[PDB]
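In what follows, every chain begins at residue 1, and chains take the letters A, B, ... in the order their sequences are listed.
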Amino acid sequence: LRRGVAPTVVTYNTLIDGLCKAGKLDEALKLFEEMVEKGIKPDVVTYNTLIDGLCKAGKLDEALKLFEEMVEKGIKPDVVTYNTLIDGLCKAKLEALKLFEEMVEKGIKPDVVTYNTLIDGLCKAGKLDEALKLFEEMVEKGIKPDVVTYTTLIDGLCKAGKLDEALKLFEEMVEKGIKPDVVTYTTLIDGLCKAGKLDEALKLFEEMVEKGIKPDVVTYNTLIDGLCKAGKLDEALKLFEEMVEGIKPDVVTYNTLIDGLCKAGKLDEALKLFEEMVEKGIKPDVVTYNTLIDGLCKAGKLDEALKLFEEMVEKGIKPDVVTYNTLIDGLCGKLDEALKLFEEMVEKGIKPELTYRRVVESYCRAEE
RNA sequence: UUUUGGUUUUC
């Protein structure tokens, strides 16, 4: 902190980076003000850091202001600036493409990260043909696809249902000497599980280790989820144990099991898992409470579901739109209660398709 | 010092 050593702009950028990635955007922004007050000019990296923090914190519009502020100052937005906005716009919407042409008009060549950012956006938007189009184009520009590039297309193909094309594209990635990492293998493993081929997924998982590729928690979470969906609830509890025998399970690990257990009716074993993660200092997020609220709702235990909603609120976890979609749906026949909860998420500041669909079908069989 | 890929919830 302090410090007879005068901080550099590099010093504030690091702290601003750490603050933004800790959600602490308001605290990340007072640092911005402090540094001008000392006569230390925020640079392009300073704006790019705050812009990224704003996008990932869902304040896209606030980030677009910062882009305008920097331009007004003569602090030129660069390839990183555009890459940051393009991803931010993709993840919110697919505006990102006008920036991809705008950056070229500023003399900024798009790079491998730009192409990777847009290929993913196009896939997650159902525009896989468009994404494959960009893949061809970047090889034309002499941009060499990397492990992220090939992993983004393998994911999209799988999620579109083109698992064998995914398997084919992975094959050529080793031909070109691009070494797959744990994210690559997990993506194929997730794809095989989503496609009902659990043993082909374990075969690959073992091939991942024999290649010397160490799994992480996502890998096991992916594998555990495949086991819960497949109905292999015990083999997924085995995997949760074997996991430690040295990977630390995380919240998503617990969320996945808690969900498998809820959907099977094993509400007890779910609640004691929810108790174990807390005691183990693993904080339940919003999916944790969403999973249990739906579980208790589908089971006919709405009072306990509402009880759990309060407790989630009584603990600083903010309920999102899934929370309300679940509860709103859950009250089928507490007409006004359901309607009540809809206005409450408006006042809380949560953008509502399912929400509207559920309220109207509630209004109708109750023309309002 | 800043930007891109993989896992869980409202079926």
Side-chain angles (χ1 to χ4, degrees), chain A residues 8-18 20-21 43-53 55-56 78-88 90-91 110-121 123-124 145-156 158-159 180-191 193-194 215-226 228-229 249-260 262-263 284-295 297-298 319-330 353-355 357-358:
Chain A
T8 290
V9 31
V10 191
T11 322
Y12 280 94
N13 289 349
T14 306
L15 266 67
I16 289 174
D17 186 40
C20 294
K21 290 211 206 320
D43 65 6
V44 37
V45 170
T46 323
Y47 278 89
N48 287 342
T49 298
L50 285 165
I51 288 164
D52 182 64
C55 286
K56 305 226 195 313
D78 64 10
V79 65
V80 177
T81 324
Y82 282 92
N83 286 0
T84 304
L85 289 180
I86 289 168
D87 185 68
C90 283
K91 268 146 181 160
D111 64 14
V112 61
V113 171
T114 321
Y115 277 90
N116 290 346
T117 297
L118 284 160
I119 286 161
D120 198 45
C123 289
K124 299 221 215 289
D146 60 3
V147 65
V148 178
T149 312
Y150 280 95
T151 307
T152 297
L153 288 163
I154 290 160
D155 200 46
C158 286
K159 286 168 157 73
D181 66 13
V182 73
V183 172
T184 322
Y185 276 94
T186 306
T187 278
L188 286 164
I189 287 166
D190 181 54
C193 288
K194 303 292 200 243
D216 58 353
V217 55
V218 176
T219 314
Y220 282 94
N221 291 359
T222 289
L223 268 174
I224 291 171
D225 183 76
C228 295
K229 298 308 190 300
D250 55 24
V251 62
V252 176
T253 314
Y254 282 91
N255 286 355
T256 301
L257 292 157
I258 290 179
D259 180 69
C262 282
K263 307 238 140 92
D285 62 4
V286 68
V287 182
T288 309
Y289 289 87
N290 283 349
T291 299
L292 290 155
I293 287 174
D294 192 50
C297 274
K298 308 295 208 257
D320 63 22
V321 55
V322 178
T323 321
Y324 284 105
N325 280 343
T326 294
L327 289 165
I328 288 149
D329 180 43
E353 58 145 280
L354 255 171
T355 332
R357 145 110 197 279
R358 307 287 200 195

Report summary line: Going 5' to 3' through nucleotides 2-7 of chain B and flagging B where a protein heavy-atom sits under 4.0 Å of the base, S where only the sugar-phosphate is that close, and - otherwise, we get BBBBBB
Report task. Establish, with yes or no, whether the OP1 or OP2 oxygen of B:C11 is under 4.0 angstrom from a side-chain nitrogen or oxygen of A:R357. Result ->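 No, because none of the side-chain N or O atoms of A:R357 sits under 4.0 Å from OP1 or OP2 of B:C11.
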Report task. Name all residues meeting the ring-ring contact (aromatic ring centres under 6.0 Å, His included) criterion together with A:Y324; count only those two or more places apart in sequence or in a different chain, and write none if there are none. Result -> A:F309
Query raised in the report: Do the side chains of A:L257 and A:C228 get nearer than 4.5 Å, heavy atoms only?
Result: yes
Query - Interatomic distance where CD1 belongs to A:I189 and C1' belongs to B:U8 [whole Å] - result: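 Taking CD1 of A:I189 and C1' of B:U8, I get 17 Å after rounding.
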Query - Residues in side chain to side chain donor-acceptor pair (under 3.5 Å) contact with A:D146, at least two apart in sequence or another chain - result: A:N116, A:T149
Query raised in the report: If you take all heavy atoms of A:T114 and A:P110, which pair is closest and at what distance?
Result: OG1-CA, 3.7 Å
Report task. For A:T84, enumerate each residue passing the side-chain contact (heavy atoms from CB on, under 4.5 Å) test, keeping only those at least two apart in sequence or located in another chain. Result ->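 For A:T84 the side-chain contact (heavy atoms from CB on, under 4.5 Å) partners, ignoring immediate neighbours, are A:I51, A:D52, A:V80.
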